[PDB]
Amino acid sequence: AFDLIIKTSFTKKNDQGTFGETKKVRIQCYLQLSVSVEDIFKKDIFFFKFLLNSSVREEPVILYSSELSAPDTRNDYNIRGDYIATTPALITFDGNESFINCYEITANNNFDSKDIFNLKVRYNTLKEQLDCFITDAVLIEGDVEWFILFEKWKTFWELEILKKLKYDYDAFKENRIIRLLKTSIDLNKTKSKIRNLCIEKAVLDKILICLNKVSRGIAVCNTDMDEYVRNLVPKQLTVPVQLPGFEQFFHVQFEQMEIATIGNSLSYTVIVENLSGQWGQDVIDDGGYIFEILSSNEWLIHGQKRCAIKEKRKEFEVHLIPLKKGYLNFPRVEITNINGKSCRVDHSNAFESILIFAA
Amino acid sequence: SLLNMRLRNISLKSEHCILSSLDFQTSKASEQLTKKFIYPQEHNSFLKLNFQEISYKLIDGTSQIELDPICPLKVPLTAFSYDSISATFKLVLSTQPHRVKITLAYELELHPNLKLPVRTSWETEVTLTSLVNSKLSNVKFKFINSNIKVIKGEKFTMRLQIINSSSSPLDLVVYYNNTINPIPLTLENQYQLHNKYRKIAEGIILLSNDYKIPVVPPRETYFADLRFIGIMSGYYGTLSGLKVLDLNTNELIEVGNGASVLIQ
Amino acid sequence: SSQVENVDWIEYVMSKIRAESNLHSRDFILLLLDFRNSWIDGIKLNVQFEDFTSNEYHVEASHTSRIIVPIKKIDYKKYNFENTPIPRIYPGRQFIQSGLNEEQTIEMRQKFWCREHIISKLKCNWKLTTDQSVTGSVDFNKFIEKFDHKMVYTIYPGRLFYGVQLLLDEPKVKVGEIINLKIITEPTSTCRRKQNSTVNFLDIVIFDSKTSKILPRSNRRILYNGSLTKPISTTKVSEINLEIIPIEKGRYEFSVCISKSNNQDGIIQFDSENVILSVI
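Residue numbers (PDB author numbering), protein chains in the order written: chain b, 737 to 994, 1004 to 1104; chain c, 211 to 303, 307 to 341, 400 to 455, 480 to 503, 505 to 560; chain a, 1010 to 1289.
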């Protein structure tokens, strides 16, 4: 946060005088919302997963829409999974409230790992929304003759008192009670400040009882405060994101041959093929791309545990032998390059289990 | 010696055997020697090992006998650089360690003219619950068919063997508890625990609840003919709830550990 | 399934749900009665309820037989046991308080009326095995003890706080397709007076069904928009919905867990209701 001085020297035509004020402001040059991408690859469909999160311990934010716009480079991928919030969704710095925004992308011809996608998430801080709530609900409830009187000091109200308030965000997160912290603002001097200003008596009175009431902790949670964000401008955080760079893409499929008692061979045949043509990059059927079935403590592999991929499509048999009692996952697999390169693996049935039923 | 190998045998008390699994792979020496003399001018060369015969032989003194593998192993197999082939052998198991020999006869096939033979070999030794007993007592329990699979909804029967040899007859009473065990952990693990306890509680019912097993005289046996019926599809491995109470010292031994009911 | 229709109770439940296909299988409970024969000879039992009759059970001497008799759950929407004082069968005596605050008396009232519901509805007959013409009957007022907390939770769902309800579009979908599920939630009479509040949170925790293992929170199998946790009002019926997207083949359970607040412990109820979807 930094300070800024603006100074104007504007002139009018009806009068001869040269007017112009000189204001000093404090600007918050910090990004409240934080985003972290996480992607999943599967055969011919691509998945994004953005874990949207706040970036400050005591400044939770609220979300409205997070539609991911496709790039304008061409009639490209058809995106599917845009999110429009019926009501604002609250997110805090960290906890068991992981906000996930997921997208499913299907290509028309092929993928290219040089395009740029734009997220375009719209949001607001909870402080701003609740400030609108207090200044529209607890103070000007269904009144016009009073609001026209109060309009004189609206800019003061929204700048010297409303901005200085501190809201019990923990209390709101727990019980949705709109209460201030103990060391939020000292009314004994705030009343003196307003008294020092030329102010109408009833306006002073209503501001005083408003501050006292909200210090007492009014706790309207969901019956209201969902029709007041209409007049609140949203912030927007269009952020770019790109697919990760990699050299080759493989997918491995275990096919059953011809439930399964312990200590008995299960005949499986693995099918490994370099499906890199789908993603633009041409196949490399001679690279040092050793493929190995990681032997765990619950699966004994019989056959070719490891072999070097030097063909577009490779297939070979393998017999699995379980060790533990029941409901075991398939053995993990990995394709790693020998020199320095990286590649992405699509285990077709990573999360699938066999029920071993002994004897 | 680009045939670095290992033997990582694992015991199996369920079927009463030990599974010895040799796994031989091309070592880093193959990588070092490939680009030195095998094909120096080429950029991506590979070895062409061919295995004439692999033997896993059980030996005791002067006698020896070959052991076949679990699944078939096609003997005249090829092998290239960066390979790992493993074979598994089953031999039945106290304090008498075994003695085994592994011999791999193979040959490199540099060009289809010459073949250098190798006969590397080495000897070594094969070195590294369902039955439930009663604490502070000698009575012992075992299910005749601890591994039962039946269609869900149908009532089934499970035959519980009691061994009594301690001093005197027992008045043990068996029951299944159909109440959710109170939980004691984060929300994730705590809800996992609650779901497990609920599934245990209202999954199976014993149609002879609170059966008074009449008498089990000393140095004799008895068959508690328990009768069940399931109502939730699932795999109830080592099912809890089926706990037998002894009305002599208030033993609450968990007799259900030797049960592996599966119902669709 | 339909293969095992031989025993009486399963067949009764099936005919009821099939002939009146709006009730789910959740709206049924067993009673698990156990008749102990203390007579020298055997007796044939025949237990009866609202509509169905159980087949004959031969109970020989000095041996207990566990009888299954299903019951339809009683709904608090049309019984109002909350405000219905226990009848006084010999009125005219002046009124002296036993001494019980609101919670104790409402608990006792619910237990008593819950017990009384299934006494004026359940009966059984006799046939002595030796002489077939010694028929009779047995009452249940002098055998059925007072209920406990679990017995009231299972039969009377008004004791619980929220009567949530789940449903899907269809329980069959291919890989990579939005399929929303909507969770209806009506508070019960217990919640409207037991605790003061305006918001309670619930979770949409997901299980593997087959392995019966809970999936992680930010998993790689089920992708959804928005947080699983979200508030619900404690006074009005609240409807929520999600944007489940399957990723891999399998089955999932989609249970629900209502909590008072997002501070570790302090969970109101773990509802047992769940709806399964199989993706393939």
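Cβ coordinates follow ideal geometry from the N, Cα and C atoms, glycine included.
Item, Value
"Interface residues of the segment 212-240 of chain c facing chain b [CB-CB below 8 Å]", "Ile220, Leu222, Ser224, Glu225, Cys227, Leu229, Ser231, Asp233 and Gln235"
"Cutoff 7 Å: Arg1035(a) Cβ touching any chain c Cβ", "no"
"DSSP-derived helix/strand/coil call for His1067(a)", "strand"
"Residue range of the unbroken alpha helix (DSSP H) whose run includes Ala938(b)", "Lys937 to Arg952"
"Contact list for residue 370(c) against chain a, beta-carbon separation under 8 Å", "Note on chain c: consecutive modelled numbers read 341 then 400, so residue 370(c) has no coordinates in the structure shown."
"C-beta contact flag for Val512(c) and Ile415(c) at 7 Å", "no"
"Sub-7 Å separation of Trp1024(b) and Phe990(b) beta-carbons", "no"
"Sub-7 Å separation of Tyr1165(a) and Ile1095(a) beta-carbons", "no"
"Classification of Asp278(c) by the beta-carbon crowding that lies within 10 angstroms, buried from 16 upward", "exposed"
"Backbone secondary structure at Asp542(c) - three-state DSSP", "strand"
"Residues bridged to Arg1058(b) [DSSP beta-bridge criterion]", "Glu1018(b)"
"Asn418(c) at chain b interface by Cβ criterion, 7 Å", "yes"
"Beta-carbon proximity check, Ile1277(a) vs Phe1170(a), cutoff 7 Å", "yes"
"Per-residue DSSP class, three states only, for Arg1027(a)", "helix"
"Meets three-Cβ-pair contact criterion under 8 Å: the segment 1279-1289 of chain a and the segment 1250-1260 of chain a", "yes"
"Through-space distance from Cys227(c) to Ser307(c), alpha-carbon basis", "11 Å"
"C-beta neighbour in chain b for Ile248(c), strict 7 Å", "no"
"Nearest to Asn854(b) (by Cα), restricted to the options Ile921(b), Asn845(b), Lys918(b) and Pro976(b)", "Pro976(b)"
"Euclidean distance between Cα positions of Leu543(c) and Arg1230(a)", "50 Å"
"Beta carbon of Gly1167(a) nearer than 7 Å to that of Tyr1085(a)", "yes"
"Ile870(b) to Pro1076(b) span [Cα, whole Å]", "58 Å"
"Where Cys1088(b) falls: helix, strand or coil (DSSP)", "strand"
"Through-space distance from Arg523(c) to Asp506(c), alpha-carbon basis", "12 Å"
"From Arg1226(a), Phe1263(a) and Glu1186(a), residue whose alpha carbon lies closest to that of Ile1254(a)", "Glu1186(a)"
"Test: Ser296(c) CB closer than 7 Å to a CB of chain b", "yes"
"Span of the alpha helix (DSSP H) around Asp872(b)", "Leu862 to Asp872"
"Buried/exposed call for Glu252(c), threshold 16 Cβ in 10 Å", "exposed"
"DSSP-derived helix/strand/coil call for residue 981(a)", "Beyond the ends of chain a as shown, which are 1010 and 1289, falls residue 981(a); an answer cannot be given."
"Same chain, Cβ closer than 6 Å to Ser405(c), neighbours up to 5 away in sequence not counted", "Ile549"
"Minimum Cβ-Cβ distance from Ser920(b) to chain c less than 7 Å", "no"
"Coarse secondary structure for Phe247(c), derived from DSSP in three states", "helix"
"Helix, strand or coil at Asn484(c) [DSSP, three-state]", "helix"
"Buried or exposed by the 16-neighbour rule on C-beta atoms within 10 Å, applied to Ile741(b)", "exposed"
"Burial state of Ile945(b) (16 or more Cβ within 10 Å)", "exposed"
"Extent of the continuous alpha helix (DSSP H) to which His1126(a) belongs", "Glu1111 to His1126"
"Proximal residues to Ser1281(a) (C-beta, below 6 Å), its chain only, five neighbours per side dropped", "none"
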